[PDB]
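Protein chains in written order, with the entry's author numbering: chain 1I, 1 to 176; chain 1B, 25 to 179; chain 1a, 1 to 70; chain 1q, 50 to 145; chain 1r, 1 to 55; chain 1H, 1 to 318; chain 1D, 74 to 371. Reading through the structure tokens given below for one structure.
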Amino acid sequence: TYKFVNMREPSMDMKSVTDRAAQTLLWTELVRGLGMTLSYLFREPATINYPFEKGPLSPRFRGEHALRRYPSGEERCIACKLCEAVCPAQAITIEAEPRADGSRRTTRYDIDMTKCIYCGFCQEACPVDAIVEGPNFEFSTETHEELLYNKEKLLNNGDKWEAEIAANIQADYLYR
Amino acid sequence: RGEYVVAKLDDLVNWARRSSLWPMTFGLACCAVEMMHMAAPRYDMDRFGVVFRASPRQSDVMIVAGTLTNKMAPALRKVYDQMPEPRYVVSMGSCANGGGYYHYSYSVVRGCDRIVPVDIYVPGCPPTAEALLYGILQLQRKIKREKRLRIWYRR
Amino acid sequence: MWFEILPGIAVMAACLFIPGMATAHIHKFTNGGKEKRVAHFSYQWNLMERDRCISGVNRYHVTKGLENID
Amino acid sequence: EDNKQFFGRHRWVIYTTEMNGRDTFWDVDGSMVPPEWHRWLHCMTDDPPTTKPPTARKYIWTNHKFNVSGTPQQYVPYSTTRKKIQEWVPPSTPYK
Amino acid sequence: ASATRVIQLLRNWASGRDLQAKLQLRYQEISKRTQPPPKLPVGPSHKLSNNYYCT
Amino acid sequence: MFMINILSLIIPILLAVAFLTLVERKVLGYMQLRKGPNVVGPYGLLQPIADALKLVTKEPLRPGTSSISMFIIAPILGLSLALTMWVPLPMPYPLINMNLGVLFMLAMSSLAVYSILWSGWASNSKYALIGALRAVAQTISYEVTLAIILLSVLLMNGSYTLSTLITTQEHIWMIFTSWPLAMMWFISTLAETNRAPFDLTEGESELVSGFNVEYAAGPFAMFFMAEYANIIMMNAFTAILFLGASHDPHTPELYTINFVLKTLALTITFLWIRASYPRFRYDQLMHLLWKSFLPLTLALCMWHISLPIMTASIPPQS
Amino acid sequence: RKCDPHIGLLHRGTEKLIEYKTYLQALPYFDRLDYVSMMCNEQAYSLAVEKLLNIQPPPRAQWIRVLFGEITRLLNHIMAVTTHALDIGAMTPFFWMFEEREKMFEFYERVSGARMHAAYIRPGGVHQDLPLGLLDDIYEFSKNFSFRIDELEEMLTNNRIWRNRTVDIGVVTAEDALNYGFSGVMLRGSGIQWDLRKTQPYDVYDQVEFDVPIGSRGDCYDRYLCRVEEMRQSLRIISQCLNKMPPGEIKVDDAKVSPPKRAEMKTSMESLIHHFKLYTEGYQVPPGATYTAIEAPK
Ligand SMILES: CCCCCCCCCCCCCCCCCC(=O)OC[C@H](COP(=O)([O-])OCC[N+](C)(C)C)OC(=O)CCCCCCCCCCCCCCCCC
Ligand code: SF4
Ligand code: SF4
Ligand code: SF4
């Protein structure tokens with residue numbers, strides 16, 4: 001089906017042309033605009049008071065990455081090396097090494113924030129939910145260097161936002 | 025003494041400079057529409073005291089927002105050049121930060137800082153509107169911690 | 001809401017308020033309470049010059065009438 | 050919190066005056082919000098930690114910190130691996 | 001919503017329509033952000049009877 | 001004490017202009033459902049101060065291909081003329097009671113175009129050059145209607161003395177007699193003052209910043225101050241002309257209340273228009289003026305010259 | 074006389090790196106290609122890729138795609154109209170609609186987890202389910218948006234300044250428009266009787282009714298009426314998809330092209346291998362070629 005959008009039939013009776021002349025002479029349609037915006041002013045605004053109040057978000061939010069650890073506290077990461085293999089920007093660099101215990105985890109988990117694109121594929125890639133990416137978005141900076149996150153930086157951030165992301169995946173893993 | 029007087033004078037200039045900057049968003053890519061989104065009534069930069077001003081001879085801070093290519097490279101620098109002092113550039117998004125998703129392609133310079141002296145790096149792909157709003161807030165905090173008149177006093 | 005713009009325009013009303021009040025009161029104050037006797041035509045001007053000379057003090061605005069004649 | 054206000058401004062904050070040994074009466078940042086309360090403030094969950102305390106862990110940061118960029122306790126990247134090619138140690142004492 | 005009937009009348013008359021019926025903002029009508037856990041379905045070929053991938 | 005009165009007139013207007021940026025920013029934002037400046041001080045009250053002293057502390061870069069003497073004279077003429085616009089206003093009792101104030105009003109307003117022409121030429125850039133040329137072209141097209149409207153409007157007043165307008169409107173607003181001219185005069189004031197839809201002079205979207213495309217920092221405020229000062233004065237001029245007020249000699253306070261309250265209403269509807277209409281175009285800008293405005297102004301002028309004769313209602317020249 | 078649209082000031086590798094990224098890795102490129110129509114791009118990629126794989130997504134997946142596809146159509150048409158009004162002058166319809174634009178942007182966040190680059194439409198369906206109650210909020214949004222369209226038309230449609238800057242401007246005849254390779258609204262504005270969603274209904278678009286807004290002049294004004302009518306017809310799709318959202322799975326029941334469920338990942342060995350090789354090697358698409366075409370809002 002379809003419908004026309006500009007087939008207009010201006011009736012040429014003496015009545016109708018009076019409105020058309022009234023429209024042109026007295027700026028009726030322009031006055032419609034004035035009363036239109038006036039009604040908008042007489043309405044409330046919707047400007048949220050940042051940072052005293054921020055935008056509404058969702059448990060599935062993708063933000064800043066943070067490596068987590070088990071309830072025991074050992075790092076979930078086992079260097080399966082899936083995340084960099086799917087990482088569409090190759091922002092994840094990592095090299096595994098033997099460990100003293102034999103639970104040979106990685107000596108390197110460096111995610112370049114200025115190369116990464118926050119698809120969240122790393123979360124889906126990780127079979128042990130080691131690399132998740134938290135709800136934080138305030139991690140701005142002034143020098144390009146501090147965005148080259150390293151294994152220590154992710155571990156510290158994971159220990160920081162651990163209170164938040166733990167509940168987020170708690171309320172979202174059923175969907176995943 | 026003179027230190028106290030110059031401290032007040034520096035603060036007086038400081039307060040306006042951190043509350044009257046007029047950004048010029050050099051709209052490049054999907055990062056740019058987000059900056060128009062934080063022009064929406066939801067965030068409304070202008071409530072802070074900043075207005076989207078063209079003619080970059082009027083603007084104070086200029087925002088690269090999106091990927092930057094070699095074709096865009098020389099003109100973008102010139103925008104920075106005749107941009108009057110004080111001038112600050114904020115890196116919007118991963119692509120402007122460090123090339124981002126196209127960091128390896130043949131046509132985009134990896135990172136915008138290779139062309140201009142980036143002041144604030146804002147991560148994101150795209151950075152959510154209020155994340156940039158946070159970055160602008162960081163700009164004023166950094167603007168608050170300057171010693172222009174103080175340095176001249178010891179100069 | 002829109003009660004937040006009234007502080008802006010109320011100051012505005014005060015700004016345009018001042019020039020009207022000043023020129024009204026200075027005219028009143030300088031010209032002994034009365035307004036500035038305007039002379040759009042030469043008749044009104046030579047009316048004033050008569051007043052300035054007739055006041056005995058060389059100001060037109062000083063008005064002095066029936067107390068003089070005898 | 051005020052449910053009568055529209056979505057967004059319905060719950061909000063005024064920040065503290067002392068944050069980790071830093072004056073913050075005039076300045077305002079969004080990052081001093083602790084993680085467990087960051088969940089509730091962004092409407093990611095409409096029930097505050099006062100009624101649903103976050104699960105306690107030995108490693109969870111006891112003191113939340115704001116952004117540290119531009120400050121002496123900044124972050125600085127550094128290679129976390131170990132140097133692999135080591136030089137031939139030059140022996141000492143004799144000659145021929 | 002907050003807004004008194006006086007300037008509600010001003011919005012309604014100037015706009016030529018009633019705006020209290022529907023507003024561009026949100027209110028209590030929004031589903032609360034603690035929705036119960038789901039029970040997402042299983043695949044059509046999730047049966048453990050004849051399910052050979054040769055089909 | 002004539003001097004202190006002068007500063008009592010120019011100083012408040014400059015502070016009024018500064019605060020005009022704040023209210024316009026907030027009101028325009030409110031149409032767009034925004035909030036406008038409310039962080040810098042209570043309800044953005046110190047935003048004009050913040051904007052003013054930030055730009056002053058920004059270097060006034062002169063373009064390489066600029067005549068510095070030519071670059072500087074234009075703001076001086078622009079700002080001084082705008083402040084001089086108020087000296088014959090019938091504010092309680094007019095400051096400069098020029099018997100031909102309306103002619104003095106028109107001559108100074110028409111002399112403002114030299115700032116537009118000189119700024120464009122001194123900048124010496126194609127974008128600024130054609131921006132200025134069309135700017136004056138829009139400018140010079142409309143004041144002929146301004147003169148015709150005033151001649152028809154002032155015809156039933158009695159003379160060109162601005163103070164006489166008060167006694168003419170002693171009973172009813174003068175808009176009722178010439179409301180076709182009132183909208184005629186009002187629209188032409190936007191074109192002179194260069195607000196949307198008549199913003200093609202500046203054209204923020206499509207002419208970058210018009211003649212202010214380069215003009216920065218120090219003397220840029222002068223055009224901005226002169227522009228916004230004209231907004232009040234043109235609205236104030238319209239307020240006295242058509243929306244007259246009663247003036248008790250023993251209480252000039254009262255008529256100031258009426259005059260002031262009207263002139264913010266007239267300025268408010270200015271940016272109210274800006275927040276509702278698309279920007280015009282150069283050809284429509286001329287076509288609207290020369291094809292549908294000039295003929296109507298002529299006929300209405302013809303109607304208003306003969307009207308006092310056919311009704312024996314000619315006004316006294318005094 | 075002549076205008077040269079010198080473009081390339083944004084030319085990235087795009088297709089060049091796609092030769093080096095796997096199908097899954099290449100998916101986020103389309104989100105960034107026509108960046109204002111987020112899902113409509115990856116809709117084309119998933120339709121293209123699943124066509125080669127000879128695998129059709131479950132009906133539940135299809136209905137989510139079209140719902141977000143038309144929601145994305147609301148995204149872009151608001152962009153196209155408001156941004157145009159910015160430069161023509163009047164800038165308040167910009168902000169008025171952008172308040173709404175956040176609401177569906179918020180909806181994007183509720184499902185995918187990101188604001189713009191959702192990366193939701195994957196080959197074989199969609200990545201995740203809608204959160205519980207998500208359809209309710211978009212239903213509340215759908216009710217109020219018809220009013221917001223009325224704000225645009227009342228603001229602009231009858232305004233003389235809007236019309237005269239737009240009517241009888243940039244008109245193109247049907248033959249040249251088709252010969253120029255134009256598409257979508259560009260042809261429809263000139264009265265050309267064509268629409269991909271109708272003539273070649275991909276996905277669920279056959280099981281839905283909507284009126285294509287064919288213009289009758291070909292000038293800019295005709296398209297503007299066509300676009301705002303496309304808004305209303307898009308709102309028709311939201312309602313029809315809302316009342317007819319079927320149950321079922323989110324992705325195809327073929328782990329060789331669809332990563333297994335996280336629960337099945339950690340209990341079933343076949344899932345681990347299938348998840349492993351999919352995120353490192355990726356599914357192998359059979360050789361061949363295909364030009365799959367969908368009607369983006371552009
Ligand atoms: C005995 C009676 C004697 C008198 C009788 C007089 C005739 C009856 C009254 C006629 C109407 C009044 C005179 C004409 C007015 C219109 C002139 C004209 O050209 O109109 C058509 C014109 C042109 O319309 P157009 O361009 O669409 O069509 C004109 C005709 N063609 C196409 C052939 C060119 O309208 C405009 O110019 C529109 C407005 C442009 C400016 C934008 C801002 C408008 C703001 C409006 C709101 C604010 C109003 C404030 C009013 C004052 C407040 C103090
Ligand atoms: S979201 Fe994860 S997988 Fe995707 S680019 Fe970023 S680090 Fe790599
Ligand atoms: S973080 Fe997860 S996906 Fe990445 S290497 Fe470690 S275990 Fe593998
Ligand atoms: S950083 Fe991401 S969102 Fe920003 S321009 Fe690059 S790809 Fe687009």
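Don't be surprised by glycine CBs; every beta carbon is placed ideally from N, CA and C.
| Item | Value |
| --- | --- |
| Whole runs of the alpha helix (DSSP H) within the stretch 116-197 of chain 1H, excluding any shorter than 4 residues | 126-155, 164-168, 179-193 |
| Distance between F224 (chain 1H) and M70 (chain 1H) (C-alpha atoms, nearest Å) | 18 Å |
| The stretch 161-179 of chain 1D / the stretch 28-46 of chain 1H touching (three or more Cβ pairs under 8 Å) | yes |
| Start-to-end residues for the beta strand (DSSP E) that takes in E133 (chain 1I) | 131-133 |
| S115 (chain 1B) - DSSP class collapsed to helix/strand/coil | strand |
| Close-in-space but distant-in-sequence residues of the same chain around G210 (chain 1H) (CB under 7 Å, 5 per side omitted) | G131, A135, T201, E202, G203 |
| Three CB pairs or more closer than 8 Å across the stretch 250-262 of chain 1H and the stretch 142-151 of chain 1D | no |
| Of the residues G51 (chain 1B), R169 (chain 1B), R71 (chain 1B), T49 (chain 1B), the one placed nearest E4 (chain 1a), counting alpha carbons only | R71 (chain 1B) |
| Residues of the stretch 38-53 of chain 1I with Cβ closer than 8 Å to any Cβ of chain 1B, in chain order | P45, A46, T47, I48, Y50, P51 |
| Span of the alpha helix (DSSP H), counted from its first residue to its last, around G29 (chain 1H) | 2-31 |
| Stretch pair the stretch 137-154 of chain 1H + the stretch 88-95 of chain 1H: three plus CB contacts closer than 8 Å | no |
| Beta-carbon gap between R26 (chain 1r) and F55 (chain 1q) smaller than 7 Å | yes |
| Boundaries of the alpha helix (DSSP H) in which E84 (chain 1I) is found, first to last residue | 82-86 |
| Neighbour list for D160 (chain 1D) in chain 1H, Cβ cutoff strictly below 7 Å | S205, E206 |
| Beta-carbon proximity list for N157 (chain 1H), same chain, < 7 Å, skipping 5 on both sides | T164, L165, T168, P315 |
| Rounded C-alpha distance that separates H79 (chain 1D) from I139 (chain 1B) | 22 Å |
| Within the stretch 88-139 of chain 1B, ranges of the beta strand (DSSP E) (whole runs, at least 3 residues) | 112-116 |
| Segments assigned beta strand (DSSP E), at least 3 residues, entirely inside the stretch 27-68 of chain 1a | none |
| Validate contact between the stretch 225-232 of chain 1D and the stretch 255-270 of chain 1D using beta carbons, cut 8 Å, 3 pairs | no |
| Members of the stretch 30-41 of chain 1B near chain 1H, C-beta cut-off 8 Å | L36, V37, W39, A40, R41 |
| Own chain, CB closer than 8 Å to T28 (chain 1I), minus 5 neighbours either side, in chain order | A22 |
| Own chain, CB closer than 7 Å to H27 (chain 1a), minus 5 neighbours either side, in chain order | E35, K36 |
| For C299 (chain 1D) and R261 (chain 1D), believed in contact at Cβ under 8 Å, the rounded distance | 6 Å |
| Cβ-Cβ separation, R104 (chain 1I) to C77 (chain 1I) (assumed contact under 8 Å), whole Å | Between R104 (chain 1I) and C77 (chain 1I) the Cβ distance is about 11 Å, and since that is not below 8 Å, they are no contact. |
| Distance cut-off 6 Å: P88 (chain 1I) Cβ against heavy atoms of ligand 2 | yes |
| Candidates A63 (chain 1B), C54 (chain 1B), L45 (chain 1B), of which the one nearest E173 (chain 1D) by Cα | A63 (chain 1B) |
| DSSP-derived helix/strand/coil call for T55 (chain 1r) | coil |
| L147 (chain 1I) at chain 1r interface by Cβ criterion, 7 Å | no |
| When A96 (chain 1I), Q90 (chain 1I), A167 (chain 1I), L147 (chain 1I) are compared against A105 (chain 1q), the one with the closest alpha-carbon | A167 (chain 1I) |
| Same chain only: Cβ atoms within 8 Å of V133 (chain 1B), ignoring 5 sequence neighbours per side | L92, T93, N94, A97, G123, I139 |
| Cutoff 6 Å; reference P75 (chain 1H); Cβ partners in own chain excluding five residues on either side | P219, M222 |
| Spatially closest choice to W110 (chain 1q) from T130 (chain 1q), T94 (chain 1q), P83 (chain 1q), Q135 (chain 1q), by CA coordinates | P83 (chain 1q) |
| DSSP beta-bridge partners of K324 (chain 1D) | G198 (chain 1D) |
| N-terminal and C-terminal residue of the alpha helix (DSSP H) that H61 (chain 1B) is part of | 54-61 |
| 8 Å contact criterion, which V85 (chain 1B) and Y108 (chain 1D) should meet: CB distance rounded | That belief does not hold up - the Cβ atoms of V85 (chain 1B) and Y108 (chain 1D) are roughly 24 Å apart, past 8 Å. |
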